[PDB]
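Commentary on secondary and tertiary structure
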Amino acid sequence: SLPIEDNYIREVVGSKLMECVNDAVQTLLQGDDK
Amino acid sequence: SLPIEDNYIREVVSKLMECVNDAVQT
Amino acid sequence: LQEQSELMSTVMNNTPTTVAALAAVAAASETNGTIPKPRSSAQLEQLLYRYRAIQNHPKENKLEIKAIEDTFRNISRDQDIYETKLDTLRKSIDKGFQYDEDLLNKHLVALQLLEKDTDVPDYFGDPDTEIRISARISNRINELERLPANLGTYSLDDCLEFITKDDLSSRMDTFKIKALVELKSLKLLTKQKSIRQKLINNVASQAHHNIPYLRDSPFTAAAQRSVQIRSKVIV
Amino acid sequence: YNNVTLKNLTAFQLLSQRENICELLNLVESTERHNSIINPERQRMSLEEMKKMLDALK
Amino acid sequence: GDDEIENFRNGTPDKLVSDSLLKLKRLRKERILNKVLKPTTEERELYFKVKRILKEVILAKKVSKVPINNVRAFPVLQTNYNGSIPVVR
Amino acid sequence: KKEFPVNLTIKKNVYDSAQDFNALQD
């Protein structure tokens with residue numbers, strides 16, 4: 001657990017849709033009218 | 001040009017409605 | 001041919017008069033490619049003071065004294081240019097600006113980091129770039145390996161201890177330990193790489209006996225079943 | 001690509017599982033994949049090739 | 001000399017501090033990405049420009065903090081000595 | 001966040017290299 005060359009890494013080297021779909025199917029499985 | 005403390009440098013440093021409107025109809 | 005360093009070599013050897021670089025068109029103009037207008041504050045300017053003060057005694061064998069004295073006029077001019085420019089700066093200051101501290105905080109921090117060549121955050125494969133990493137690592141080791149071994153500290157807290165002529169205060173090696181942890185960890189880097197090679201390739205080479213959602217997947221549980229199918233015996 | 005991986009099988013399943021749910025809400029079109037496999041001008045050309053094969057074999 | 005700060009001190013003095021450290025950071029990025037070590041003459045001469053700006057604000061404007069964040073220590077050389085017991089071969 | 005600390009008191013100045021400490025000047 002030692003950052004040794006981690007600075008040299010930082011020196012040289014500087015979705016939402018299906019979530020709301022999975023939210024929407026969660027809403028369809030609450031009301032059976034849907 | 002006096003050096004600064006290390007614990008001070010570390011101290012200073014639409015897609016919703018496309019699916020909701022489809023969920024209300026069917 | 002390092003004309004500004006051969007004068008330093010002649011000064012450090014205390015014999016800048018016995019040779020005095022032998023200033024002609026073949027020697028004083030070959031190492032220059034007019035003297036090249038040195039860069040330091042006084043480390044290369046006090047050299048030209050002693051070089052002129054030594055060459056005041058021959059005064060005619062060395063034709064480059066006119067080239068040195070012309071830059072003596074340029075040094076006295078640009079200091080006089082700045083001394084009028086510093087005076088016109090100190091009058092051109094607006095009497096009210098009220099310089100913001102948290103930007104000067106970001107100006108004191110970012111200037112101090114950019115002085116000693118480290119990466120500054122803004123808050124405002126590929127072996128080509130692999131050599132450019134290891135050329136900065138080896139840059140650091142060769143800079144740590146030029147510090148003297150007898151390095152000591154002095155905190156502002158020792159006056160409460162009342163150190164005598166020979167008291168051996170315990171804050172003397174608070175810079176010497178930190179300079180050897182740094183120098184030796186920059187050599188054991190391929191040592192922790194081999195352990196991390198043996199760590200990652202031992203916890204991830206199974207990947208389906210400890211991870212629950214992978215061993216409870218359909219394709220893995222069927223495949224681990226399928227490799228354990230014993231052979232059917234004929235008759 | 002001739003082989004499949006555990007990464008390839010789950011990505012094949014999850015992409016196929018999300019598109020059928022993307023048809024009920026109809027936030028995807030999927031009209032190009034319908035009519036190109038229907039292809040009703042080919043379907044009558046299939047029929048006309050079946051219609052001539054009645055005429056040729058009679 | 002100065003040649004730019006007298007014109008700029010009639011307005012704000014801090015914008016040249018912000019715009020030149022970004023040039024110092026960009027030239028240093030071009031220094032690491034070129035496998036070079038020594039700083040260029042264009043950014044060293046630009047470096048002494050930045051320190052001259054902040055000094056005069058501390059000199060004349062006298063900023064209300066000028067914050068003191070020091071490590072309260074500095075490296076010094078200490079004496080060294082060989083032992084006095086002679087060597088045994 | 002565990003970060004490797006920055007040692008500015010050991011680092012020699014790069015742009016000037018004449019305002020270093022007297023133990024770090026050679």
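Everything here concerns the structure above.
This write-up is about the structure you can find in this document. (Residues numbered from 1 in each chain as written, not as in the entry; some residues may be left out. Chains lettered and ligands numbered in written order. Part of a larger assembly, values for the part shown. Heavy atoms only, no water. Residues with missing side-chain atoms left out of burial classes, pairs and counts.)

1. Topic: the overall build of chain D
Helices and strands together make up the secondary structure of chain D, namely three helices and zero strands. Secondary structure elements of chain D occur, N-terminal to C-terminal, as α-α-α. A globule of 58 residues ought to have a C-alpha radius of gyration of about 10 Å, yet chain D, at 19 Å, is considerably larger. With respect to the principal axes defined by its C-alpha atoms, chain D has extents near 55 × 35 × 15 Å. With an accessible surface of roughly 5700 Å², chain D has 59% of that area assigned to carbon and sulfur atoms. (Helix = DSSP H or I, 4+ residues; strand = E, 2+ residues; numbered from the N terminus. Rg over C-alpha atoms; globule rule 2.2 N^0.38 Å. Areas by Shrake-Rupley, 256 points an atom, 1.4 Å probe, with all protein chains shown as cover.)

2. Details of the nonpolar core
Ranked by size, the top nonpolar core spans 28 residues in total, and within it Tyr99, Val109, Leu113 and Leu114 of chain C together with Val17, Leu21 and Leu24 of chain E carry the most contacts. Contact partners of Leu113 of chain C, with chain neighbours within four places excluded, come to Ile9 of chain B, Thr118, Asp119 and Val120 of chain C together with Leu8 of chain F. Listed in part, the 11 residues of the second largest apolar core include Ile4 of chain A together with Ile141, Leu144 and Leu186 of chain C. (Core = buried A, V, L, I, M, F, W, Y, C linked by side-chain atoms within 4.5 Å. Buried < 20%, exposed > 50% of the residue type's maximum accessible area, 1.4 Å probe, protein only. Contact = heavy atoms within 4.5 Å.)

3. Quick look at the side chain of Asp14 of chain E
In this structure, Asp14 of chain E sits in the loop between α1 (5-8) and α2 (15-32). One buried charged residue, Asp14 of chain E, remains without a salt bridge, the closest side chain of opposite sign being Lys15 of chain E at 6.0 Å. Only 2.2 Å separates the side chain of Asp14 of chain E from the side chain of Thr12 of chain E, close enough to count as a polar contact. Each residue touching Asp14 of chain E, except ones within four places of it in the same chain, is listed here: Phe97, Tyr99, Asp100, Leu103 and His107 of chain C. (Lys, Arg positive; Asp, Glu negative; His and termini not counted. Salt bridge = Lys/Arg side-chain N within 4 Å of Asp/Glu carboxyl O. Polar contact = N/O pair within 3.5 Å; in protein donor to acceptor, adjacent residues only side chain to side chain.)

4. So, the interface of chain E and chain C
If you look at the interface, chain E gives 49 residues, while chain C gives 49 residues. For the pairing of chain E and chain C, the buried interface totals around 4500 Å² over both sides, and the portion due to carbon and sulfur atoms is 59%. On the chain E side of the contact with chain C, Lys61, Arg72 and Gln78 of chain E bury the most area, a combined 14% of that side's loss. Connecting chain E to chain C are six salt bridges. The salt bridge involving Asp122 of chain C is made with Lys25 of chain E; its shortest N-O contact spans 3.5 Å. One can count 20 residue pairs in polar contact joining chain E with chain C. (Buried area = accessible area lost by both parts, 1.4 Å probe.)

5. Notes on the packing of aromatic side chains
With the rule as written, the count across this model stands at six aromatic pairs over all chains. Measuring from ring centre to ring centre gives 5.2 Å for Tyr47 of chain E and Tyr15 of chain F, while their planes differ by 55°; the resulting arrangement is tilted. The exposure class of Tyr15 of chain F is buried, given its relative accessible area of 0%. An aromatic cluster of at least three residues, connected via ring pairs, comprises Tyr47 and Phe48 of chain E together with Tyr15 of chain F. (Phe/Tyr/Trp six-rings, centres within 6.5 Å; stacked < 30°, edge-to-face > 60°.)

6. Description of the arrangement of the chains
By number of contacts, the leading pair among the 13 pairs of chains in contact is chains C and E. Spatially, chain D is disjoint from chain F: no contact exists, and the shortest C-alpha separation is 32 Å.

7. A look at the packing of helix α2 (residues 46-54) of chain C against helix α3 (residues 65-91) of chain C
All names here are of chain C. At a closest axis distance of 11 Å, the pairing of α2 and α3 adopts a crossing angle of 135°. As judged from the angle between their axes, α2 and α3 are oblique. Relative to α3, the crossing made by α2 is left-handed. Of the residues in α3, those in contact with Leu48, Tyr49, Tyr51 and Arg52 of α2 are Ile65, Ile68, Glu69 and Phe72. (Axes fitted to C-alpha atoms, helices over the stretch in contact; angles between N-to-C directions. Parallel < 35°, antiparallel > 145°, perpendicular 65-115°, else oblique. Left-handed = near helix turned anticlockwise from the far one by under 90°.)

8. Comments concerning the packing of helix α4 (residues 101-115) of chain C against α2 of chain E
In contact at an axis separation of 11 Å, α4 of chain C and α2 of chain E are set at 25° when each is read in the N-to-C sense. By the criterion of interaxial angle, the relationship of α4 of chain C to α2 of chain E is roughly parallel. Handedness of the crossing formed by α4 of chain C with α2 of chain E: left-handed. Contacts between α4 of chain C and α2 of chain E involve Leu103, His107, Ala110 and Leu114 of chain C from the first element and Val17, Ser18, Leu21, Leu24, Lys25 and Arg28 of chain E from the second. Of the residues in the contact of α4 of chain C with α2 of chain E, the class split is six nonpolar, two polar and two charged. (Nonpolar A, V, L, I, M, F, W, Y, C, P; charged D, E, K, R; others polar.)

9. A word on the state of the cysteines
For the structure on display, the rule yields zero disulfides over all chains. No disulfide involves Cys22 of chain D; its sulfur sits 8.2 Å from that of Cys19 of chain B, the nearest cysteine. Judged by its relative accessible area of 12%, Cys22 of chain D is buried. (Disulfide = S-S within 2.5 Å.)

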